[PDB]
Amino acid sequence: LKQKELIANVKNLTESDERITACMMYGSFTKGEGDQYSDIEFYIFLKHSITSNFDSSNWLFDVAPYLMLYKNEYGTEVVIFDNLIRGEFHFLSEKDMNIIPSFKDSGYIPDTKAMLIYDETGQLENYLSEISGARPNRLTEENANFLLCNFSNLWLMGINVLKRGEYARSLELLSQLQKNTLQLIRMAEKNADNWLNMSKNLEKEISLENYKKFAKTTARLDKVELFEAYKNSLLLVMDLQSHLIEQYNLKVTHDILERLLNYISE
């Protein structure tokens, strides 16, 4: 894989460069899920007093020639290399390595070994041993209530804009509804490790039954298709709620979902 050649380059350069004190890899190549379709991604920890003006544009070209480079909404440098591999490099002071513990909340981190690329001081390895084995419990009453409330809110907003004739906006809301629904399916089927990344591995991780029901909640930009998708979204959540009620005390009841259902033809 071209990706692995680039990863090796990153390891090489982060070790040899005096400006870089640590490098943490994350993503699929640290979880046995890397393939030819994957990107590569790192936190690059820099000498504190040279962090502001660090020439990351030049450093990234030293990794490999690139076609495009910009800073995304998360402050991460994103590169499209000339071989079309995407790379995400988050550059920050070594003094901000204390961000790492909060990563335990992002998902299941069974192993940390592939994450350790370079570690000048030993501090990176120490932070990683704090998150190694991290596994958020997603199967909570709190989560079930938030998702059902969040869905009801978004569904009602969506059906309203649809009734107005704001079709494109109802489609946008439907995609937000869909993310929430995936999280509900993962709750109902007790396979919720891929939580924030709810669509990762979906074809491998959920029942055909609910996959097909989810597919029915999708639509192109079309009034009739949107109405069908919105209706099927509600029906699916009604199924999920009647399953989840057995496990949690829910504030969104079948009655409340029934009122939303009736509203479609109002």
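Numbers follow the displayed sequence, beginning with 1.
Comparing the deposited coordinates for 225 to 233 and 52 to 60, the stretch with the larger average C-alpha B-factor is 52 to 60.
For the pair 87 to 95 and 161 to 169, the mean Cα B-factor is higher in 87 to 95. The PDB entry assigns the greatest CA B-factor among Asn191, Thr112, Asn145, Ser175 to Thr112. As recorded in the entry, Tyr127 carries the highest CA temperature factor of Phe81, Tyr127, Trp195, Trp155.
Ranked within its chain, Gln123 lands in the highest third, by CA B factor from the PDB record. Per the deposited record, the Cα B-factor of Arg186 falls in the lowest third when ranked against the other modelled residues of its chain. Remark: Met25 belongs to the lowest third of its chain, ranked by C-alpha B-factor as recorded. Residue-level temperature factors show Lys216 in the middle third of its chain, judged at the C-alpha atom. When the CA B factors of the chain's modelled residues are split into thirds, the value for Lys47 lands in the highest one.
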